[PDB]
């Protein structure tokens, strides 16, 4: 089944290859900002309402480009991003992964990198970094105590990198196979979830008091089901992280709510190289792409036979993400970015 929608497409400069897309949802004032990581940096767009009469849909305006000089492969905005008028200035805080296998915190005034912290050499990952996330930690004082960056790689380690009122604190934790996803728990920056290539799913409170088994809980997709039987990503679902959604590269997906099996399982119409993209408002929904062919399936976890395919492009999809409003998707192709509004989520 198809879906009613409208899409605008914006050409990227002919020499610009995109790698990653993310909305600045973590910060309320900046939630209309879209970042595209590409081969020489990060380009920031602002989504706003169209000016020509009779268009409730959003348009995209390119703002500026943060120069890095090399590919940016993964990217996450922090909750400290802010905007102020009076010459308007965006103050951005971005965690990212670059082609040199560094994990970074990039702090900006519009395009200008005022401060940059770079984790590389011997302190950082010793192989490809596959994913990154960032969380802001506030103490009993209610001020910003720490910014915490988590990253996982093919060196089979999880790195926790805290930038404190004391300076940096670095910690590495061993995994049983390459770390392919990491995400802090919504509403609980003390906890995170790690997906491993082999199907292991680590839940971790990094603040408790290194060992071989620091996890609170390890789930596992392997008995319930590079491209194989597992695993593309795993994500928290719900405002409080009351659920977990895991997606294998085959398209097999699993959901747990928080006899010892998952609450529900299924399989996407297509393989899922990038993994699942959970809906930001309706926890029963997630999107998954056939990235090489340019298809996106929208799956409702409690309604099987709902073969909903809102998107077919006839060209590969590089990455995609939901806008916080839950109606728009941003989709990067090899030479463009699309802004797509699904009318059924309207709103």
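Numbering follows the first chain given and starts at 1.
According to the record, no deposited residue between residue 118 and residue 119 is left without atomic coordinates. Comparing 141-149 with 174-182, the stretch with the higher mean C-alpha B-factor in the PDB entry is 141-149.
Averaged over CA atoms, B-factors in the entry run higher in 8-16 than in the other of 335-343 and 8-16. Residues shown: 104, 212, 109, 74. Highest C-alpha temperature factor in the entry: 212. Ranking 304, 290, 38, 279 by the C-alpha B-factor listed in the PDB entry places 304 at the top. Ranked by C-alpha B-factor against the other modelled residues of its chain, residue 324 falls in the middle third. Per-chain ranking of the deposited C-alpha B factor places residue 258 in the highest third. When the modelled residues of the chain are ordered by C-alpha B-factor, residue 53 sits in the highest third.
For residue 21, the recorded CA B-factor ranks within the lowest third of the chain. Only modelled residues enter the ranking. When the modelled residues of the chain are ordered by C-alpha B-factor, residue 242 sits in the highest third.
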